[PDB]
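Everything on this sheet refers to the single structure shown next.
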Protein chains: 4
Amino acid sequence: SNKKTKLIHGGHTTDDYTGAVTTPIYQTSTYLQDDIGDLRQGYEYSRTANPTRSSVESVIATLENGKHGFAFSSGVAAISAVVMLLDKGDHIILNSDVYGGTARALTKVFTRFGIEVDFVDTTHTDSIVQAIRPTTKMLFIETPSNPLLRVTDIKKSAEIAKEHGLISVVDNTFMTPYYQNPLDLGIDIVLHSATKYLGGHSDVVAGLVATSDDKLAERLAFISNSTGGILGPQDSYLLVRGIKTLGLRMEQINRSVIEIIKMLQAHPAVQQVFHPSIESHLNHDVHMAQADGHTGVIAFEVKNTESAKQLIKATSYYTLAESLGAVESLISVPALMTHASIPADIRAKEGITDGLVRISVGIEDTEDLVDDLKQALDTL
Amino acid sequence: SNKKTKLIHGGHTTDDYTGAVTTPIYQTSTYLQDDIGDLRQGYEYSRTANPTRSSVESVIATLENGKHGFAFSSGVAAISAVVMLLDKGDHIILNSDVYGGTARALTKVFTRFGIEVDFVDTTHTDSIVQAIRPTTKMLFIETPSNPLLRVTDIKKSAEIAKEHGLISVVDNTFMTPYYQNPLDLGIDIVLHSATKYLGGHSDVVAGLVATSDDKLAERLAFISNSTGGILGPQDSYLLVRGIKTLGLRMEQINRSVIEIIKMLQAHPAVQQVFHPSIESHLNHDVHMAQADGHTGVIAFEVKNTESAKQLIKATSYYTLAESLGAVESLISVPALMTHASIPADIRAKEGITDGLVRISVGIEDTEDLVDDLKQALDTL
Amino acid sequence: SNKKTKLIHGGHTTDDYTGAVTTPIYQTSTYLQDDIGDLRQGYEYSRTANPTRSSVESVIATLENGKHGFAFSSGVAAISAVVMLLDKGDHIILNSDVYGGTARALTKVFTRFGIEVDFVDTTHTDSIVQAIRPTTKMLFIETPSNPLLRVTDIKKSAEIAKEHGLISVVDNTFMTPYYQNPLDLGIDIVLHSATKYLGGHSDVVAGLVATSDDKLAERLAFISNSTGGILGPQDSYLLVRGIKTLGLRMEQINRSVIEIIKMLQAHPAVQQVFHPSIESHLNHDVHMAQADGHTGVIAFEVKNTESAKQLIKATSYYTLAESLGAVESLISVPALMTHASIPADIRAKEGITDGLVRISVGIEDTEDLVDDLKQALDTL
Amino acid sequence: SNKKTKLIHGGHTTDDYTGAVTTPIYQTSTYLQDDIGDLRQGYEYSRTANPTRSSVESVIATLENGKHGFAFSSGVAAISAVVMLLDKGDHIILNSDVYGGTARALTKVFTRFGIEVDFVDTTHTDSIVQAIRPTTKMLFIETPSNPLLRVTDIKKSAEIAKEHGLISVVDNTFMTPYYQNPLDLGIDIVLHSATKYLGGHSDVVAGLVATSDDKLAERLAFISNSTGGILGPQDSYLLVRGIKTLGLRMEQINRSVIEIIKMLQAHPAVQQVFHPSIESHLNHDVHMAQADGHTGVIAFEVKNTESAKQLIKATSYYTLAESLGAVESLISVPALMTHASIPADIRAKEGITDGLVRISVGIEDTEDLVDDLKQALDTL
Ligand code: NA
Ligand code: NA
Ligand code: NA
Ligand code: NA
Ligand code: NA
Ligand code: NA
Ligand code: NA
Ligand code: NA
């Protein structure tokens, strides 16, 4: 059973009752009990459990080789639920360039509840060892990160977390379960913004979490039931549907990524290119060892803000919009759209130059995507 | 513009673009920008704002005579967002019989983040004054409460909160905006489990929050955007649709409540009856002064567990299930279904006797509901 | 079991499998077979049967006291399926002012297939007897009709159809199953544009058909399966949901209809008023004998086109739009919007004057609807 | 702009108003008019036109290089609408093995309306010329057909229809617009059961029609508006969403088809194999000239009914169910499931042997699909 087959037949996404080959949408809040406390099929109140949500939870658990899945109303709701495993006075280590919304949730919400946050350059895992405090309880890493696609060694991070008694978490959004499986590498919890590649069609906001740890799963179920950031049934259905084509979409994206990077590296109007497939990229070898494919997110430098805006206007098949992982190729300028509150000198210092462009490669024809971006770069 | 008209024409629930007389369902995660940072209609990412969610938020703000509305993935997500207005070391006063999920969220989740919780018998508002600590920052009250329907003076609670610098919150689920408007009485924040009467059809899990305070609204928007417990667009649509009939449903429920209470008070197999419309009920006068109708939740005592189970089996039109506010009349036994973890002696002490039955009156014919419950009581 | 109870508990609208108190939405096209030809629950292909569609079909059959229900993609699809019971050379009698879309389907589509159409003033049922040809096979009547609300004797029409071997059909859209049940009066087939009152929320286009005749049901199932105008599962779900409040909505509409008619009859800027509740209305006695309530459609004359347009602009709570049976009160001018292709002299002859206004009364507050229309009429 | 790009960016599938990158779902029946007859965006009643339906209609018109698209409640509703272009006494030529539902609609429904049907072996187009009567008005062909995948020359059929004044129609379901474009070859009307490959996820029943002929489009719009077999907005949305991955899905299906056919041709338990890619298949050259890929439907003979049933039970990744074009590979036995009413001698004569198996290849991993079917065949 290869990956493309598991996407179709893994998890429980049919109706045992009627035989319907797709998961029914249980647009319902509560369930008849035949006797007090006797549930016909284990359902009693949809916040606690809903059969359509249970379907998408079984899918993500199967795809990540876990035991328990959890579906949340957004990626950041999944992150907040996982952070809530901790208590006031606990410390969490994160990669220093973690997603802006993650950094914001931790530094502007959870620090008010006494969670301490240290961000660390995890591209060298001994940086994690140094940052571990007596109060550290969690290690949270994305790999590759946004927008410069820094790679962190997942297996080494798992071993460090195990040795020091930490809950290890990987935000696996950019790679998806099709290419990278952190639970197989010893990580405790894997999570996703399903808003991106998993849904795949820019039409669901959702978060997904998987684990093989029965005790962490019990704690996550309790947090989900008590703080209530649950995914609804229609969105759960669209997630299950979108995941069916995950393998085909990711493979098309990867073919285009390879050709687009060739073009960018050869083009005179492009300076540095950031992507883990590039052999001079930091921890390229580490990425190849923990993943069998690539994210569709690429960043590259043109000269300045004026060039970046002109590039966007000159393209036919790159769409200016937020998010990533659509069927459409998306284009953005981090310095103006996601890092604009950071002072310009600090942006430059971090590599977020005025001309840094981020593209999220979609499923359009590969030659069209290469040719379109090249001709637009030619106008610079 | 009387209440039934406001339910139809209040808020923005049409499409300015096409003229569609219902709110379009924006099953979408992101939005084209014509230039970087220029949003066509103010939308850029659905977690931050979605037009269908904006519609239901405008409805609840209008119905509660507020300025800002917020839609969450569940009632307890709305509560958790409001609690997150506080910091570690802050103290919150709640009515002592607040909803089990609320008590659980505060005592098992937020206390781990250093929020201190005191529950207080708010039926005498001077009990609030005594409980105020130097660190108290929030007063959170339901009225009437579950399952014994205790009434708390909203206007007096608002004045106490204003005098002592507290954020006042009313959980207005049981009364709905059709009958009780806490913001008009000086409360800062009103919230609802829209899962119940507002949706009205047992098919959406959702929370709604309204306020007239610009600064609290800004803080709530930030929390919602950062912890991500947002309501999806399909559920937002069904909420808007369900609210259209809120007035008709509540008025039918109220006619049936009055007749059912007459029957229960006269029946020999029934002991005490709990409902704010009963003139000997504590704070009946207070309820009449802050509300112009009644909740459909009634509790009453039969002899024991055996009688309660027999009552349920003997009814034709009362459905054994969790939640309340359905179009169906629902029946439950709190001692077995919502308070079973409390020791029996403590249950008895609280009034949660083995024979305490809770009904949530639906919109069936009034004579059918009275006759059905009477004939079932006759079998005891 | 009174009507309001039957709307909640009649038909099968829960899930036997999970106990979900609402019908699951089976967004599915096909179903697993455990062995060739063995269907787990009788489903094999959604065009032939879908469980969500089966739910709404069971509702309409129960509400009309029939045995078989059928759900179509629109009211006119339900009509076309029923017309297709006939063969080339067959003749159908219809009331002379039948719905414009019905007249159009018969005279511009089915006459090309050799169905012969005679329209007849059925307010005198002996007009039907005279029109019966040797080739007549069907009698199709609406009562009350649009826009002048002509009433036809259903029971007498059923007896005539039985005596002459005709299939009798009543379009029961305007009255709904809450007020008028043609199958109980001997009619073979009853149908509805569920787009109007049954859905009730201006958000579904659908047709519903019910019958107690096993052989007609078999023929209708065959036509539905072969020409494929089936209602989808999401629309079927919204129909089931909307029907729950049918009784409450119709009763509110009826209270407002009575008061609005009082106002219109007293107002000097209004001439003739058309509604079956008016005691001088033709066949008022017949309507009272076959129905226990009223449609919310009222027509009345103001002076001219200029007055009609001014009336519409002056109202606050009457919405200019097509269709009827919304929660919003709707207003229209038939001479301009539904009868504009008829020459003006023929319109005048038929009673469709330039100043004829049609209102579809919604569920807004009764005093608001009366006061708003009166003050707008006062500006004339 | 290659095919994979056109699937993403062709047609209008964003919101001009908000910029939403997906088509909003207009769950609505009617639209505000600012003045009588003035439509804000051309919408007035959803049966006539709905913006979500308009989106999917623009997609199919673009994908088929037509000008007008039409969305129906099912494939057979699209066929029935196209047949209704004809009058009583008109004659239609169809390929002799056309889809069972098509044959049934014509011979059991439309013949009652005086449409005359001749079915003809169109694999030789001079068979069409011979069958043309003075009353012939339409030529309706599928290619390739079901279940033996007979190929008909589209371009020659178009020329014959033009010379003899016939409306030419191609049912393009099996090939999809990704591989075969009949309008480009001179055909007047192309239609699809979107229930199959276009939706692609076994969760929508729908039909789609496209044409470049303004006058035929006007007649189809009239028929659609009058007989009302329209696709709803939720199903229209899911169609637009499913079509995005059409190219990726079809290409994966085609890789698997090629390898599966190699295996079947080499296996001793398999006799004849039917698929247009096989070079000895009748009109293989014709197929290559009018299409640039293949259908995923393959039929092959095993020995008998017992072997066919054993094959099905022995597979892990082939699902026994009706329909085709799912993401799952589907398996069926025509003699038992689609041709069982035909007498056995006539079935054998037609090639529909007891051991004829039909598979619809899905998007599972190619090696898994080959290996699974081979090991199951090995058990025979
Ligand atoms: Na599965
Ligand atoms: Na582990
Ligand atoms: Na409004
Ligand atoms: Na205030
Ligand atoms: Na029922
Ligand atoms: Na009868
Ligand atoms: Na486009
Ligand atoms: Na042409």
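Please note that chains go A, B, ... in the order of the structure tokens, that every chain numbers its residues from 1, and that ligands are numbered from 1 in the order shown.
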
Next item on the list: Determine, counting only C-alpha atoms, which protein, DNA and RNA residues have an atom within 7 Å of an atom of residue 231 in chain D; residues of the same chain fewer than 6 positions away are not included. Present the result as a PyMOL selection string.
Entry: chain D and resi 53+71-73+206

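Taking only C-alpha atoms and all ligand atoms into account, every polymer residue with at least one atom at most 6 Å away from ligand 3 is listed here: residues 9, 10, 11, 12 and 13 of chain B.
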
Note to self: Give me, as number ranges by chain, the residues of chain D touching chain A, with the criterion being at most 7 Å (counting only C-alpha atoms).
What the structure shows: D: 1-2, 4-5, 8, 22, 203, 248, 328, 364-365, 368

Emit the selected residues as a PDB file, in the first residue's frame, including N, CA and C atoms.
```pdb
ATOM      1  N   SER D   1      -1.089  28.726 -22.679  1.00  0.00           N
ATOM      2  CA  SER D   1      -1.973  28.196 -21.647  1.00  0.00           C
ATOM      3  C   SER D   1      -2.352  26.745 -21.941  1.00  0.00           C
ATOM      4  N   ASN D   2      -1.601  25.832 -21.333  1.00  0.00           N
ATOM      5  CA  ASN D   2      -1.834  24.406 -21.459  1.00  0.00           C
ATOM      6  C   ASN D   2      -3.036  23.985 -20.613  1.00  0.00           C
ATOM      7  N   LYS D   4      -3.668  22.014 -18.049  1.00  0.00           N
ATOM      8  CA  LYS D   4      -3.677  22.059 -16.588  1.00  0.00           C
ATOM      9  C   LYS D   4      -3.834  23.481 -16.063  1.00  0.00           C
ATOM     10  N   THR D   5      -3.341  24.475 -16.803  1.00  0.00           N
ATOM     11  CA  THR D   5      -3.525  25.865 -16.394  1.00  0.00           C
ATOM     12  C   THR D   5      -4.957  26.321 -16.619  1.00  0.00           C
ATOM     13  N   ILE D   8      -7.452  25.671 -13.941  1.00  0.00           N
ATOM     14  CA  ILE D   8      -7.377  26.491 -12.737  1.00  0.00           C
ATOM     15  C   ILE D   8      -7.914  27.884 -13.008  1.00  0.00           C
ATOM     16  N   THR D  22     -12.623  31.570  -4.316  1.00  0.00           N
ATOM     17  CA  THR D  22     -13.553  30.520  -4.709  1.00  0.00           C
ATOM     18  C   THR D  22     -14.933  31.132  -4.892  1.00  0.00           C
ATOM     19  N   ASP D 203     -19.628  12.504  -5.125  1.00  0.00           N
ATOM     20  CA  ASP D 203     -20.438  13.190  -4.131  1.00  0.00           C
ATOM     21  C   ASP D 203     -21.375  14.229  -4.724  1.00  0.00           C
ATOM     22  N   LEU D 248      -5.055  16.413 -13.135  1.00  0.00           N
ATOM     23  CA  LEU D 248      -4.204  15.533 -12.339  1.00  0.00           C
ATOM     24  C   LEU D 248      -4.828  14.151 -12.189  1.00  0.00           C
ATOM     25  N   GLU D 328     -11.843   6.484  -6.031  1.00  0.00           N
ATOM     26  CA  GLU D 328     -11.676   5.051  -5.797  1.00  0.00           C
ATOM     27  C   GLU D 328     -11.826   4.278  -7.096  1.00  0.00           C
ATOM     28  N   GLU D 364      -5.628   5.590  -7.112  1.00  0.00           N
ATOM     29  CA  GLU D 364      -4.710   4.885  -6.226  1.00  0.00           C
ATOM     30  C   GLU D 364      -3.357   4.695  -6.915  1.00  0.00           C
ATOM     31  N   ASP D 365      -2.355   4.287  -6.132  1.00  0.00           N
ATOM     32  CA  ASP D 365      -1.039   4.045  -6.707  1.00  0.00           C
ATOM     33  C   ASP D 365      -1.103   2.993  -7.810  1.00  0.00           C
ATOM     34  N   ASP D 368       0.042  -0.542  -6.943  1.00  0.00           N
ATOM     35  CA  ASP D 368      -0.934  -1.187  -6.068  1.00  0.00           C
ATOM     36  C   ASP D 368      -2.127  -1.707  -6.865  1.00  0.00           C
TER      37      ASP D 368
END
```

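A straight line drawn from CA of residue 282 in chain A to CA of residue 149 in chain A is 9.5 Å long.
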
Would you mind listing the residues within 12 Å of ligand 6, counting only C-alpha atoms and all ligand atoms, as a PDB file with N, CA and C atoms, in the first residue's frame?
```pdb
ATOM      1  N   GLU C  64     -49.042  15.600   3.902  1.00  0.00           N
ATOM      2  CA  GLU C  64     -50.192  15.600   3.011  1.00  0.00           C
ATOM      3  C   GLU C  64     -51.054  14.358   3.189  1.00  0.00           C
ATOM      4  N   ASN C  65     -50.743  13.517   4.182  1.00  0.00           N
ATOM      5  CA  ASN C  65     -51.518  12.299   4.450  1.00  0.00           C
ATOM      6  C   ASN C  65     -51.504  11.376   3.237  1.00  0.00           C
ATOM      7  N   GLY C  66     -50.372  11.363   2.538  1.00  0.00           N
ATOM      8  CA  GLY C  66     -50.151  10.460   1.437  1.00  0.00           C
ATOM      9  C   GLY C  66     -49.282   9.290   1.854  1.00  0.00           C
ATOM     10  N   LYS C  67     -48.855   8.533   0.865  1.00  0.00           N
ATOM     11  CA  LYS C  67     -48.010   7.367   1.076  1.00  0.00           C
ATOM     12  C   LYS C  67     -46.630   7.512   0.465  1.00  0.00           C
ATOM     13  N   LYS C 155     -62.976  19.185  -3.576  1.00  0.00           N
ATOM     14  CA  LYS C 155     -63.703  17.926  -3.436  1.00  0.00           C
ATOM     15  C   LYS C 155     -64.558  17.643  -4.666  1.00  0.00           C
ATOM     16  N   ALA C 158     -62.279  16.555  -7.475  1.00  0.00           N
ATOM     17  CA  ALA C 158     -61.880  15.161  -7.298  1.00  0.00           C
ATOM     18  C   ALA C 158     -62.967  14.201  -7.771  1.00  0.00           C
ATOM     19  N   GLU C 159     -64.229  14.483  -7.424  1.00  0.00           N
ATOM     20  CA  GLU C 159     -65.334  13.611  -7.826  1.00  0.00           C
ATOM     21  C   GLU C 159     -65.518  13.596  -9.338  1.00  0.00           C
ATOM     22  N   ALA C 161     -63.159  14.155 -11.560  1.00  0.00           N
ATOM     23  CA  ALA C 161     -62.031  13.427 -12.129  1.00  0.00           C
ATOM     24  C   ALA C 161     -62.206  11.923 -11.957  1.00  0.00           C
ATOM     25  N   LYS C 162     -62.741  11.503 -10.809  1.00  0.00           N
ATOM     26  CA  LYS C 162     -62.961  10.080 -10.583  1.00  0.00           C
ATOM     27  C   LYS C 162     -64.014   9.540 -11.539  1.00  0.00           C
ATOM     28  N   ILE C 167     -56.730  11.703 -13.963  1.00  0.00           N
ATOM     29  CA  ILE C 167     -55.789  11.923 -12.862  1.00  0.00           C
ATOM     30  C   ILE C 167     -55.981  13.351 -12.366  1.00  0.00           C
ATOM     31  N   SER C 168     -56.327  13.509 -11.089  1.00  0.00           N
ATOM     32  CA  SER C 168     -56.529  14.839 -10.526  1.00  0.00           C
ATOM     33  C   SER C 168     -55.261  15.285  -9.807  1.00  0.00           C
ATOM     34  N   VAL C 169     -54.883  16.545 -10.025  1.00  0.00           N
ATOM     35  CA  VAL C 169     -53.664  17.134  -9.468  1.00  0.00           C
ATOM     36  C   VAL C 169     -54.030  18.484  -8.866  1.00  0.00           C
ATOM     37  N   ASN C 181     -55.358  20.016   2.557  1.00  0.00           N
ATOM     38  CA  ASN C 181     -54.833  18.684   2.257  1.00  0.00           C
ATOM     39  C   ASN C 181     -55.643  18.046   1.136  1.00  0.00           C
ATOM     40  N   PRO C 182     -55.273  18.299  -0.124  1.00  0.00           N
ATOM     41  CA  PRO C 182     -56.090  17.788  -1.247  1.00  0.00           C
ATOM     42  C   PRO C 182     -56.223  16.276  -1.293  1.00  0.00           C
ATOM     43  N   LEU C 183     -55.199  15.516  -0.889  1.00  0.00           N
ATOM     44  CA  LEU C 183     -55.337  14.060  -0.925  1.00  0.00           C
ATOM     45  C   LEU C 183     -56.477  13.591  -0.030  1.00  0.00           C
ATOM     46  N   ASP C 184     -56.714  14.283   1.083  1.00  0.00           N
ATOM     47  CA  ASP C 184     -57.823  13.925   1.960  1.00  0.00           C
ATOM     48  C   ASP C 184     -59.169  14.175   1.300  1.00  0.00           C
ATOM     49  N   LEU C 185     -59.208  15.029   0.283  1.00  0.00           N
ATOM     50  CA  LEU C 185     -60.437  15.356  -0.423  1.00  0.00           C
ATOM     51  C   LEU C 185     -60.606  14.546  -1.700  1.00  0.00           C
ATOM     52  N   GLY C 186     -59.763  13.538  -1.916  1.00  0.00           N
ATOM     53  CA  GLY C 186     -59.932  12.626  -3.028  1.00  0.00           C
ATOM     54  C   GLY C 186     -59.046  12.887  -4.223  1.00  0.00           C
ATOM     55  N   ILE C 187     -58.196  13.911  -4.168  1.00  0.00           N
ATOM     56  CA  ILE C 187     -57.285  14.204  -5.265  1.00  0.00           C
ATOM     57  C   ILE C 187     -56.214  13.120  -5.345  1.00  0.00           C
ATOM     58  N   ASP C 188     -55.787  12.802  -6.574  1.00  0.00           N
ATOM     59  CA  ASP C 188     -54.781  11.758  -6.760  1.00  0.00           C
ATOM     60  C   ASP C 188     -53.378  12.222  -6.376  1.00  0.00           C
ATOM     61  N   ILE C 189     -52.984  13.414  -6.820  1.00  0.00           N
ATOM     62  CA  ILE C 189     -51.615  13.903  -6.674  1.00  0.00           C
ATOM     63  C   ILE C 189     -51.663  15.328  -6.151  1.00  0.00           C
ATOM     64  N   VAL C 190     -50.832  15.632  -5.154  1.00  0.00           N
ATOM     65  CA  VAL C 190     -50.664  17.003  -4.695  1.00  0.00           C
ATOM     66  C   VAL C 190     -49.212  17.394  -4.913  1.00  0.00           C
ATOM     67  N   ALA C 210     -46.722  14.514  -3.608  1.00  0.00           N
ATOM     68  CA  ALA C 210     -47.168  13.418  -2.758  1.00  0.00           C
ATOM     69  C   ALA C 210     -48.394  12.758  -3.376  1.00  0.00           C
ATOM     70  N   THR C 211     -48.547  11.464  -3.102  1.00  0.00           N
ATOM     71  CA  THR C 211     -49.702  10.702  -3.567  1.00  0.00           C
ATOM     72  C   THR C 211     -49.906   9.525  -2.621  1.00  0.00           C
ATOM     73  N   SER C 212     -51.137   9.022  -2.588  1.00  0.00           N
ATOM     74  CA  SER C 212     -51.446   7.768  -1.917  1.00  0.00           C
ATOM     75  C   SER C 212     -51.615   6.615  -2.897  1.00  0.00           C
ATOM     76  N   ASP C 213     -51.485   6.874  -4.195  1.00  0.00           N
ATOM     77  CA  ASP C 213     -51.738   5.881  -5.232  1.00  0.00           C
ATOM     78  C   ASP C 213     -50.440   5.146  -5.551  1.00  0.00           C
ATOM     79  N   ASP C 214     -50.401   3.842  -5.249  1.00  0.00           N
ATOM     80  CA  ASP C 214     -49.191   3.056  -5.485  1.00  0.00           C
ATOM     81  C   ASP C 214     -48.796   3.047  -6.952  1.00  0.00           C
ATOM     82  N   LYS C 215     -49.776   2.971  -7.859  1.00  0.00           N
ATOM     83  CA  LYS C 215     -49.441   2.866  -9.274  1.00  0.00           C
ATOM     84  C   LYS C 215     -48.953   4.197  -9.835  1.00  0.00           C
ATOM     85  N   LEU C 216     -49.586   5.304  -9.444  1.00  0.00           N
ATOM     86  CA  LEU C 216     -49.069   6.610  -9.847  1.00  0.00           C
ATOM     87  C   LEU C 216     -47.682   6.852  -9.254  1.00  0.00           C
TER      88      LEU C 216
END
```

Checklist line | Pick from D:192, D:351, D:240, D:151, whichever lies nearest to ligand 7 using only C-alpha atoms and all ligand atoms | finding: D:240

Would you tabulate, counting only C-alpha atoms, all residues of range 104-200 of chain B that have an atom at most 12 Å from an atom of range 296-310 of chain B, showing the closest pair of atoms and their distance in Å to one decimal, sorted by chain then ascending number, as a tab-separated table?
```
residue	atom	partner	partner_atom	distance
B:143	CA	B:297	CA	11.9
B:144	CA	B:297	CA	9.4
B:145	CA	B:297	CA	9.7
B:146	CA	B:297	CA	8.3
B:147	CA	B:299	CA	6.4
B:148	CA	B:299	CA	6.3
B:149	CA	B:298	CA	7.7
B:150	CA	B:299	CA	11.3
B:173	CA	B:297	CA	11.0
B:174	CA	B:297	CA	7.5
B:175	CA	B:296	CA	8.3
B:176	CA	B:296	CA	10.6
B:179	CA	B:296	CA	11.6
B:196	CA	B:296	CA	11.0
B:197	CA	B:296	CA	9.4
```

Generate a file of the selected residues that holds C-alpha atoms, formatted as a PDB file, in the first residue's frame.
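What follows is the written file again_8.pdb:
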```pdb
ATOM      1  CA  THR B 143     -29.523  34.225  34.443  1.00  0.00           C
ATOM      2  CA  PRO B 144     -31.534  32.130  34.729  1.00  0.00           C
ATOM      3  CA  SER B 145     -29.090  29.315  35.553  1.00  0.00           C
ATOM      4  CA  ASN B 146     -29.218  25.586  34.928  1.00  0.00           C
ATOM      5  CA  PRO B 147     -30.981  23.419  36.032  1.00  0.00           C
ATOM      6  CA  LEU B 148     -32.776  25.183  38.892  1.00  0.00           C
ATOM      7  CA  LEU B 149     -33.265  28.491  37.016  1.00  0.00           C
ATOM      8  CA  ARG B 150     -31.835  30.862  39.616  1.00  0.00           C
ATOM      9  CA  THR B 173     -28.266  31.666  26.311  1.00  0.00           C
ATOM     10  CA  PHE B 174     -31.432  30.668  28.173  1.00  0.00           C
ATOM     11  CA  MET B 175     -33.332  33.922  27.596  1.00  0.00           C
ATOM     12  CA  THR B 176     -32.040  34.841  24.063  1.00  0.00           C
ATOM     13  CA  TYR B 179     -36.470  38.456  25.846  1.00  0.00           C
ATOM     14  CA  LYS B 196     -29.314  26.265  21.631  1.00  0.00           C
ATOM     15  CA  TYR B 197     -32.191  28.692  20.867  1.00  0.00           C
TER      16      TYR B 197
END
```

Next item on the list: Any chance you could list, as number ranges by chain, the residues in range 252-330 of chain D that come up alpha helix (DSSP H) when DSSP is run on the backbone?
Entry: D: 252-266, 284-290, 305-314

Item checked: Filtered DSSP result for range 204-339 of chain B, state strand (DSSP E), as a PyMOL selection string -> chain B and resi 207-211+273-274+297-301+318-320+329-332

Check: Hey, what's within 8 Å of range 85-100 of chain B if we count only C-alpha atoms and toss same-chain stuff fewer than 3 positions away? As a PyMOL selection string, please?
Finding: (chain A and resi 88+112-114) or (chain B and resi 81-82+103-104+113-122+128+131-133+135-142+145-146+219-220+223+338)

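Pairwise distance (CA of residue 39 in chain A, CA of residue 332 in chain B) equals 14.1 Å.
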
Next item on the list: Considering only C-alpha atoms, return as a ChimeraX atom specification whatever protein or nucleic-acid residues lie within 9 Å of residue 292 in chain D, sequence-local ones (same chain, fewer than 4 positions apart) excluded.
Entry: /D:178-180,287-288
